[PDB]
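Below you'll find only one chain, the form solved without N-(1H-indol-7-yl)acetamide (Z0I), shown as structure tokens.
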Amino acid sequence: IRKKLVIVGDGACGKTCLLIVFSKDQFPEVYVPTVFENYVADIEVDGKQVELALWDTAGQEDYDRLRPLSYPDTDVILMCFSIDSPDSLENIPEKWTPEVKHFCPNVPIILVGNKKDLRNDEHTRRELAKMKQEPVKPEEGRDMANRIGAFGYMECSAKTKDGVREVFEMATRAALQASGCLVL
């Protein structure tokens, strides 16, 4: 049973690391590619075996016309922002939701807060405070999940790996639960 997952969200919110941590189980500290090669992970959920196809994307404005080719035949979407970037969260309803709904009507979204491990980081809090901001809070995340009609809201750190296996367990559960049936 094949399902397709595409991961979207702003540049530098941790999309690629998340994806790499999921396939390698090691956070990359040496080099982080801009976009990780799509690949096929064999996961099992709710007494069921799943061929899961994972696509990383380029979030930049510059690739707004390129990136939407990843969408056809997508079964679940991971829509990220970073817990250390309330801007990345403002763009969820301003950019990612209008896009994902446009190209992927009827397709479940899991809203994902990345970099949990920065919530209580000292240096981080200072930087945000220097522009009158704080880290995003779980209520702010869940609220957004409701506002955009997300199947779920999960939080994670790919640095510490807390939440990673649960994010993709949810995405996969979303894909099984769930315009135009198939493009080939």
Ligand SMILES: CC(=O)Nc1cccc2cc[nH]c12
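Definition used throughout: the rigid core is the maximal C-alpha set that superposes within 1.5 Å between two forms. When you see a residue number, it is the position in the sequence shown, counting from 1.
Counting the deposited residues that fall between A178 and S179 and carry no coordinates gives a value of 4 to 9. Here 155-163 and 66-74 are compared by their mean Cα B-factor, and 155-163 comes out higher. Mean CA temperature factor is higher for 24-32 when stretches 24-32 and 52-60 are set side by side in the entry. Highest CA B-factor among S88, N106, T97, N114, as stated in the entry: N106.
Although not depicted, the form solved in complex with N-(1H-indol-7-yl)acetamide (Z0I) is the subject of the following passage.
Within 4.5 Å of any heavy atom of N-(1H-indol-7-yl)acetamide (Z0I) in the deposited complex lies no heavy atom of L128. Contact check for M154: no non-hydrogen atom falls within 4.5 Å of N-(1H-indol-7-yl)acetamide (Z0I) in the deposited complex. By the criterion of a heavy atom within 4.5 Å, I109 is counted among the residues contacting N-(1H-indol-7-yl)acetamide (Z0I) in the deposited complex. Of all the residues from 131-170, those having a non-hydrogen atom no more than 4.5 Å from N-(1H-indol-7-yl)acetamide (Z0I) in the deposited complex are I148, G149, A150, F151. Only one of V40, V32, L69, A129 has its Cα shifted by 2 Å or more between the shown form and the other one after fitting on the core, and that residue is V32.
With the core held fixed, the Cα of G141 is displaced between the shown form and the other one by less than 2 Å. For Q60, the Cα coordinates differ by 2 angstroms or more between the shown form and the other one after the core has been superposed. Here's the thing about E61 and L19: their CA atoms end up at least 3 Å closer in the deposited complex than they are in this form. One change in the deposited complex concerns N91 and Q60, whose Cα atoms lie at least 3 Å farther apart than in this form.
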